Amino acid sequence: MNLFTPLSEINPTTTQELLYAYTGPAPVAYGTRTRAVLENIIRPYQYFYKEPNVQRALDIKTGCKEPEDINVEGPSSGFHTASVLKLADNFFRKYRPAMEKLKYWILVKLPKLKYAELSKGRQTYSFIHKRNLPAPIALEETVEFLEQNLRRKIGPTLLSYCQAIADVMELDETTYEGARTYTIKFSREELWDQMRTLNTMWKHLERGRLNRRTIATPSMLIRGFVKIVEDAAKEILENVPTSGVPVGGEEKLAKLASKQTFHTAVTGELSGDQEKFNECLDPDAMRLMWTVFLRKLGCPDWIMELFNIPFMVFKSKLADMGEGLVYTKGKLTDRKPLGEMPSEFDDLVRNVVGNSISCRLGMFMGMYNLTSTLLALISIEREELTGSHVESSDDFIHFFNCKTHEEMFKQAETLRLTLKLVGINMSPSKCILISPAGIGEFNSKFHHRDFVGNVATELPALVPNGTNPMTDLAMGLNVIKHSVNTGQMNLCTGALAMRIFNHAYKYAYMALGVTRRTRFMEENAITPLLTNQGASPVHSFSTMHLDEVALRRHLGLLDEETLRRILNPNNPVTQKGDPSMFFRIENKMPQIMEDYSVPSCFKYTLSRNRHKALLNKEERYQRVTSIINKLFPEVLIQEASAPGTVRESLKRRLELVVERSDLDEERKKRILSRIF
Amino acid sequence: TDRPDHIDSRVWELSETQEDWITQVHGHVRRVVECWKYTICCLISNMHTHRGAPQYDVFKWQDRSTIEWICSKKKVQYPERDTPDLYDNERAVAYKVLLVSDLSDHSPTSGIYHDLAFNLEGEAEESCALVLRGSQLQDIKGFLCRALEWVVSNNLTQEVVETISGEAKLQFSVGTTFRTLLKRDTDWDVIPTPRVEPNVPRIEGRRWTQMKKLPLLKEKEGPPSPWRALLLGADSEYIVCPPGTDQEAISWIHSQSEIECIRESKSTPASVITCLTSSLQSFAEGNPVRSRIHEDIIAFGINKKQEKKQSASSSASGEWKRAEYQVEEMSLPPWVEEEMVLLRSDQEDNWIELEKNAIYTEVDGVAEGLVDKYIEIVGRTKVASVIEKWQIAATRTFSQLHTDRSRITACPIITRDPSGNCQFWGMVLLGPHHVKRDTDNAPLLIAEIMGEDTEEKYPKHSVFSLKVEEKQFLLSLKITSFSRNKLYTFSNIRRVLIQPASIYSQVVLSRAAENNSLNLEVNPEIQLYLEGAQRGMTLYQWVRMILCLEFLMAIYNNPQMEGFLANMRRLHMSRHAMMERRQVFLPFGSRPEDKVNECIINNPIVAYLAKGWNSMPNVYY
Amino acid sequence: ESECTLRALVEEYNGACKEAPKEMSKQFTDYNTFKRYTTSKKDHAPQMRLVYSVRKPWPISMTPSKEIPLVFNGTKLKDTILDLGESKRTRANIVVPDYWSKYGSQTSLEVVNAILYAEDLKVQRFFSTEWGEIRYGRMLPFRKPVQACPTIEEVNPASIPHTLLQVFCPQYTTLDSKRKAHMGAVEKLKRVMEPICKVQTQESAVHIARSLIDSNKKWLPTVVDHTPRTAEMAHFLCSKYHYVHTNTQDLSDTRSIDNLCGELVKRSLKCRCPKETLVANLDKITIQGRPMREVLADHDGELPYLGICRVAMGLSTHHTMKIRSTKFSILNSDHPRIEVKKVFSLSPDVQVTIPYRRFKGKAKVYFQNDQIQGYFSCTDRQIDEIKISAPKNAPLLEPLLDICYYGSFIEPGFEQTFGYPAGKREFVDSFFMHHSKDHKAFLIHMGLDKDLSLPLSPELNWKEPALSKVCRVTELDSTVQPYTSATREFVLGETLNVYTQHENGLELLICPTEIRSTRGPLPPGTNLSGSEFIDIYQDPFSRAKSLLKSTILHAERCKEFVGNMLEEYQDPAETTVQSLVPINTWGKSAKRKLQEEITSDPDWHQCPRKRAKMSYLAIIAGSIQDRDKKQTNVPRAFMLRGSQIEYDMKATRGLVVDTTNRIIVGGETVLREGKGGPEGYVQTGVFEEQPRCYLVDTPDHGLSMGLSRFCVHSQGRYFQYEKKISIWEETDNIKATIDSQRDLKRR
RNA sequence: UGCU
């Protein structure tokens with residue numbers, strides 16, 4: 001490590017890039033997640049009391065603890081109710097513009113939120129198939145479930161979706177009918193359990209940690225509810241100085257620099273992490289903070305109930321245990337459930353619900369990053385704390401401007417205690433304070449005189465993407481360009497990355513050495529003329545943003561005769577399977593439908609080489625969307641608002657298109673005759 | 001903002017404080033409807049005069065004091081609950097603007113004021129139509145039609161209809177049994193109402209100490225770590241084959257090869273040399289994929305799972321217990337320093353042949369000159385040749401993956417010097433790989449040329465003696481299984497050159513910027529703690545050994561390395577602060593070294609970095 | 001032909017109905033939800049398969065085509081052995097694109113030019129910029145959002161969808177959508193996408209046009225006074241170690257819009273309660289065919305007058321407090337900068353109250369000037385600390401003195417006189433000159449130290465060695481940059497002062513009466529006919545044309561103008577009328593002719609010809625008469641002052657020509673006898689079925705034919721605009737009602 | 001079956 005600590009030319013902050021083993025393999029998880037899941041379940045109960053008493057903590061519903069019960073020498077699970085109330089009141093009294101924006105979002109933006117925003121998620125636990133499915137599939141099957149159990153249509157808004165979710169909870173028996181045909185039954189208790197179930201699963205390819213961690217995913221019955229509170233929290237956090245989570249990239253760096261003002265006699269800079277986050281935060285604290293925010297805003301009761309649903313559902317969460325703890329007799333390996341034979345998690349047997357285990361304390365999952373940020377920020381607002389604080393989720397940086405060292409130490413301890421009041425524990429081994437400010441870290445961004453560039457955080461993106469030569473070259477060069485713009489890579493590193501990417505990109509498409517492609521080009525006398533074909537690079541450091549074909553045409557490296565062939569919109573290589581519609585600006589017929597191909601012959605598609613009914617349903621939706629887009633050019637620019645159902649709307653639109661086609665009347669009649 | 005386009009800005013800002021819109025159902029739509037009513041009131045009194053005074057007096061959105069003052073002057077009184085929107089001087093009677101969904105079957109609402117009812121399409125009821133003039137009717141109809149177009153554009157028809165009707169749902173509600181389900185795991189109801197008075201209590205905390213001395217990393221005790229990597233590293237060599245294709249080189253090697261075992265390891269039986277010889281013979285013919293033989297089972301561990309499970313079942317005795325997995329601790333091997341020293345040895349070739357980018361501007365020339373300087377100062381080095389070997393081997397092993405083969409594939413590792421001669425580093429044998437995931441292992445038989453043999457460094461290698469053209473070489477021939485993801489990652493190992501290039505470029509460009517002139521030939525002196533003492537050392541050799549250490553770190557990347565490097569950044573920052581006469585203060589139970597020491601188990605380069613940290617000073621004055 | 005498209009659409013509709021019996025029972029508005037259901041395009045780690053995928057025997061999947069030979073020179077290009085689906089199932093060799101690079105069917109050069117249009121623009125833009133000389137040096141980054149790529153025309157985000165609708169599908173739009181569209185951008189985009197739409201699908205062309213008229217700002221670290229106006233070249237022209245000097249001008253109409261806004265503000269401050277005057281005038285002026293509110297929204301500039309007019313329209317302003325050449329931004333302060341009305345009784349009769357601004361409590365202000373960048377902390381009128389990041393040997397006289405003026409720190413001036421006060425500008429100039437020749441107040445305010453570490457020399461130079469050094473001035477240890485978290489909302493004062501809502505009050509941002517800027521050209525296409533300030537035009541022809549368009553097209557304005565001119569009452573256009581007619585002696589005859597024409601025809605204000613005659617007579621009546629000359633009869637025609645343009649009573653020639661078919665004022669047909677819309681249209685009806693009147697093709701098509709009733713189509717609904725019969729607009733009736741309410745409230 |  002002595003080679004990474006220069007003393008003369010550059011400082012170790014600039015060499016922090018060297019403390020990265022990237023371009024080496026990323027660690028993976030192999031076996032059962034049961035031990036990790038059970039450890040995350042048991043940790044909140046171990047931290048509620050100063051002396052770990054798990055058995056006495058499992059009977060606690062709301063984790064609220066007296067100020068004398070708050071552990072100061074270790075992690076503390078739970079919150080102080082009076083502290084939460086007073087700190088939320090203080091945070092509301094200050095930052096009034098943020099609360100005005102919250103009221104604006106509630107009145108205006110919230111009613112316009114659509115439940116189709118839930119489709120943006122990744123793999124989602126499905127309460128119907130008991131598996132992990134893509135968010136569109138789970139959303140659509142949940143919508144069908146609500147429609148066929150409530151015997152009504154669900155409105156496009158997210159409020160209607162949440163109301164339908166709440167209404168289904170009132171039924172005694174619910175059923176799901178879906179094509180394979182098959183029918184599944186849900187009681188109120190069964191569907192409640194599926195609502196409050198989080199599907200646990202390993203986190204693979206994660207760098208920077210010795211021990212593998214477990215990630216979880218909720219069902220669509222609660223993702224919608226979490227969406228409202230997350231959007232409201234984002235709206236509040238965008239308008240408060242002390243937040244750092246909703247901003248990112250260069251804007252986050254600018255916000256950090258706006259607070260790096262060290263003018264007093266003693267100017268510290270505390271940068272640290274919060275230990276055991278996502279499991280020392282009781283959801284009831286977030287409930288109380290949101291309730292205070294809505295009360296002081298004059299909001300009605302229904303919005304309060306809506307905001308309080310998700311945190312109660314997470315108070316009743318059911319974490320999915322893995323496929324069993326590993327047991328061995330000799331050199332055997334057997335996987336057994338929690339309660340079969342004694343282990344270190346015997347105290348949690350009473351919480352077992354089938355293959356899932358309950359946990360009333362903590363969050364167990366980062367589903368409330370913005371709300372946890374708000375909970376952290378409300379505790380900052382108090383008279384003793386006069387410094388500048390930035391908190392994203394559990395990574396924070398604090399700047400002190402104090403007259404004396406003792407005052408700074410008192411402020412730092414007050415910061416620690418006020419964080420502990422709401423269930424947030426500073427990691428003692430990860431929090432470091434520098435008494436003269438100027439050196440710090442936040443979100444792995446180290447600054448000494450300015451935020452130094454961090455090479456090797458851009459190396460994993462330097463591999464060709466693998467779509468097609470044009471897209472791969474374009475996006476690789478633009479990633480390098482963004483790295484150069486942000487200051488991560490300078491002239492030399494940028495050019496070297498360009499050369500390495502170009503060499504790997506030419507290798508990946510059989511453009512180096514003697515390959516089948518090169519042999520075919522050689523025996524048929526086909527000069528490359530393109531980077532992916534083995535020609536010399538046309539792109540330079542200053543021309544990263546320029547397209548290859550246009551630059552080659554401008555420089556004369558690609559003659560017009562070959563351009564007439566490469567950019568043919570009728571080439572068989574990229575020909576589409578169906579005709580497409582085209583605009584015609586200032587023409588008698590403004591829309592023409594004809595067969596089309598992607599202009600570039602090198603934008604081909606690589607064959608991938610290997611809930612089915614729902615996929616056919618997606619295909620039907622795609623067909624309907626395609627015909628709607630063809631017949632309604634204006635929904636491509638603005639939202640769809642035509643009245644009636646799809647069939648009648650497109651029927652009248654097709655008619656009106658016909659009477660403006662400028663043909664003979666009888667020809668229009670014969671065209672209309674065959675319309676279904 | 002939230003103002004609809006058809007709503008005038010003055011009307012919108014006047015409506016802000018008229019009603020508490022947050023508590024009303026569809027507060028935004030309610031405000032829009034009230035703005036519609038006020039605009040209709042404005043349009044009715046469209047600059048009409050009577051006896052030198054406005055014909056209509058508008059009561060809507062006016063302070064109650066003025067309303068009572070002017071109503072008293074007009075000998076009219078109205079109750080607080082309902083007040084007419086406007087008053088007409090002609091045909092003296094109070095009027096109120098009403099919006100209704102249906103114009104038919106409508107009756108007057110109150111006997112104290114008249115109703116000017118309108119529908120959402122801009123039409124007016126008969127008495128309202130006859131009271132007002134045609135111009136007022138047209139203005140009101142046009143404004144209401146613009147409002148209707150705004151409504152249908154924003155898909156707010158249902159909300160507007162419900163608002164106009166007068167009654168609407170709370171837009172969200174929680175039933176009874178759902179509330180009971182929700183309140184199961186909490187001590188508060190849906191909208192919590194704790195009885196405790198808000199307060200921030202004072203809690204006795206602790207005192208923040210000071211990191212007067214830098215932490216000391218724990219050095220583990222145990223046997224020295226063996227070389228646990230895919231390939232040999234600095235002990236890699238090659239045979240200079242005559243120019244030709246891969247098939248010619250393999251034929252030339254095999255036809256003149258004399259293999260004799262000189263050191264056999266129990267991990268890799270010496271009998272699997274026949275696998276390599278058969279693979280070489282098959283590749284020399286033009287058929288890289290060959291059929292299985294008897295010793296392929298031993299070489300690639302074919303079916304080992306069944307015999308292992310049968311032995312486990314036969315030897316199964318006792319009582320079931322928990323797993324309690326353990327990781328053996330190992331000390332820093334002596335060969336890490338030797339690897340670092342030998343990796344810096346100069347070569348006769350450049351070993352980094354990257355095609356230059358185009359040059360159009362002067363900035364392009366500067367960048368390419370910097371890249372060329374870096375390449376020439378790190379190219380002629382053993383580490384560059386080892387990186388090239390790793391690249392070739394990883395890519396040629398990864399390209400024959402992705403299929404379900406029951407046969408044996410041979411993957412030669414051959415490079416070519418800038419004279420046409422082939423350089424045979426070794427050969428990778430890929431066995432039966434029924435691979436389905438990205439983490440499942442694929443059996444391999446890594447055979448490659450070794451420069452020097454060491455029992456403690458390579459305990460699992462069976463070293464052979466290779467006799468080709470009156471020359472003596474060594475052969476490693478280790479049995480390993482290696483995953484798809486790691487092979488893909490090592491297929492792009494050439495990216496490791498960026499970080500030492502980053503250091504070199506930052507030094508050169510900082511020197512250029514301070515004196516406001518580029519040099520491109522600066523080789524300054526870097527002060528470092530080499531043997532516990534600060535001594536000067538040139539930039540070029542510093543970049544060379546930075547590249548060597550970065551490469552050695554990349555091929556030995558594991559969870560231990562990841563955690564160690566993640567947790568040494570705090571200590572690196574603390575040391576950089578301490579070298580600038582800055583004090584470092586810590587919380588009560590702050591031991592930043594524990595989260596590093598937990599990651600120091602058996603990784604030789606983690607131990608090397610830990611020893612490098614320990615050697616250099618920990619107290620700064 | 002055109003029938004093939006209809007055939008394809010009909011077959012697609014029939015197949016979608018048959019193949020999807022459901023998915024159409026849903027409402028059409030459900031498209032916004034189910035257009036996102038496009039699963040089965042998902043993939044994981046395509047980069048980990050590229051090497052193997054390319055090296056597969058048949059890597060490329062394409063539709064069956066006969067243009068690719070089965071075998072070419074012994075190589076099998078395509079494979080049809082399996083044909084599992086037989087549609088989009090045949091597989092091609094990896095060399096097929098390489099084979100197609102030659103031996104392939106060609107395309108017209110126009111298609112190639114159309115495809116590469118935007119990329120070619122980028123390439124010529126790169127090769128047209130002057131590649132200057134590299135200036136290496138340490139740089140303190142400034143993180144700000146910058147435009148990703150240049151736009152052919154800047155349009156406010158609200159008007160982008162309407163502009164695209166007018167460009168691509170005018171047949172499915174309404175008159176409101178047309179009014180909200182930027183017609184200049186519409187014309188530019190139509191000209192650009194005429195060839196492009198022939199080679200790009202509907203959505204591709206739509207979003208290409210959107211990108212051509214969308215800003216898409218992105219945060220990047222920039223260099224002060226070196227903003228490249230667009231991040232397209234930041235990697236080349238900028239870094240933390242160098243910049244490439246370039247010589248590019250603005251080439252934007254923001255300067256002209258500043259000139260127009262400055263004229264409006266200057267003329268508005270001379271009337272009663274300027275705020276509503278400015279607001280009303282900004283709602284009656286149109287640049288080209290775009291209303292002034294929309295063009296103000298389009299141009300989000302840093303300039304002062306533009307910011308004042310944007311705040312008057314409820315928008316925001318990016319203007320920063322500027323003193324001479326130094327920009328100041330308050331990082332945080334206890335209270336807003338207060339002002340002190342320091343009255344100077346130097347003489348009994350001659351006294352001037354010159355107000356200055358200062359700080360109360362603690363504050364921290366960031367300052368930037370040229371390459372000098374840093375911040376300072378102050379308490380009241382005392383400087384606590386100053387931190388500066390400036391190049392070595394630089395002269396810090398002007399930035400430090402700008403700081404001192406900003407905080408009112410030094411006390412030779414402000415409350416004192418250092419000599420009789422007269423005007424703000426003279427006092428400021430005297431302050432700057434006095435402290436330029438005598439810059440010792442800074443040293444006696446800050447103090448001196450003998451420490452050599454402090455970089456600020458007593459002669460106000462950076463890092464120059466000296467025996468003593470200026471106290472409490474150190475180097476900028478860490479980067480500091482202004483950043484606002486909450487969305488700032490601005491308040492416009494009654495005297496047109498722009499304020500920012502600080503916690504404890506109002507923070508002044510822009511203040512007229514000290515904004516020094518000379519007059520400049522007005523934006524082309526400016527229309528001041530409907531405004532109260534026509535004299536903003538510096539051309540007599542434009543003045544007369546605007547005045548006559550105001551009087552002719554509106555009866556009430558003609559009434560008011562004739563009444564004010566006849567009775568010598570105050571009129572908004574007194575200056576214009578006085579500047580149009582030469583010094584004459586026809587006022588009495590003109591007033592007479594007014595009298596007989598009014599008495600003979602009380603119903604004159606309905607025929608535009610009568611309005612023209614009355615306007616001519618009133619313009620002559622309100623002219624500047626001569627005293628020492630007897631009055632003469634009014635002539636048939638006269639010549640405009642300082643011009644050879646003839647204005648004629650009979651309107652047979654010259655500035656106004658009233659033919660039987662139409663009336664032409666200044667070469668422009670103001671009014672047409674039967675085909676025109678001077679009184680405008682109203683919507684009057686939204687229906688799901690076609691009403692009983694003509695359906696026009698496009699909103700502009702119905703605006704030209706001038707029917708009494710016509711419909712337009714927009715997403716399955718019909719909007720049948722008929723005509724406007726009311727003689728007043730919504731805006732001024734709302735104004736009259738609001739003023740009547742507030743003019744009953746005042747007692 | 002050929003990336004310095």
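To find a chain, count down the sequence lines: A is the first, B the second, and so on, and within it residues start at 1. Hydrogens, waters and symmetry mates are skipped; everything else that's a heavy atom, side chains included, is used.
A donor-acceptor contact closer than 3.5 angstrom links the side chains of A:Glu458 and A:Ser483. For the residue pair B:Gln423 / B:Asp417, no side-chain donor-acceptor distance below 3.5 Å is found, with atom types taken as modelled. Looking at A:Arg552 and A:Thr531, their side chains do bring a donor and an acceptor atom within 3.5 Å of each other.
Among the protein residues, C:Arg55 comes within range of no part of the nucleic acid, since none of its heavy atoms lies under 4.0 Å from any strand. Contacts of B:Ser491 with the nucleic acid, taken as non-hydrogen atoms under 4.0 Å apart, include base atoms. When heavy atoms are screened at a 4.0 angstrom cut-off, A:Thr518 is found touching no nucleic acid atom at all. Among the protein residues, B:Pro418 comes within range of the nucleic acid bases, having at least one heavy atom under 4.0 Å from a base atom. Looking at heavy-atom distances under 4.0 Å, B:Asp417 makes contact with a base. Among the protein residues, B:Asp349 comes within range of the nucleic acid bases, having at least one heavy atom under 4.0 Å from a base atom.
Per the geometry, CE belonging to A:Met521 stands 14 Å off P belonging to D:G2, to the nearest Å. In this structure, CD of B:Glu285 is placed 14 Å from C1' of D:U1, rounded to the nearest angstrom. Computed from coordinates, the C:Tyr52 OH to D:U1 P distance equals 13 Å when rounded to whole Å. Between the P atom of D:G2 and the CD atom of B:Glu388 lies a distance of 14 Å, rounded to the nearest Å. Following rounding to the nearest Å, B:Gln400 (CD) and D:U1 (P) show an atom-to-atom distance of 9 Å. Distance B:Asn350 CG to D:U4 P: 13 Å, rounded to the nearest Å. What separates CG of A:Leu512 from P of D:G2 is a distance of 11 Å, to the nearest Å. In this structure, the CH2 atom of B:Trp351 is 13 Å from the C1' atom of D:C3, given to the nearest Å.
With distances taken from any side-chain atom of A:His503 to the nucleotides D:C3, D:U1, D:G2, the minimum falls on D:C3. Taking the side chain of B:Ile392 as heavy atoms from C-beta on, and the options D:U1, D:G2, D:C3, the nearest nucleotide is D:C3. Closest contact between the side chain of B:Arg416 and the listed nucleotides D:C3, D:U4, D:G2 involves D:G2.
For the pair B:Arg396 and D:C3, the criterion of a side-chain N or O lying under 4.0 Å from OP1 or OP2 is met.
In this structure, C:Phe72 and C:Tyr99 have tilted ring planes: the angle between them lies in the 30° to 60° band.
Formation of a donor-acceptor pair under 3.5 Å by the B:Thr277 side chain with backbone atoms of B:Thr274 is found in this model.
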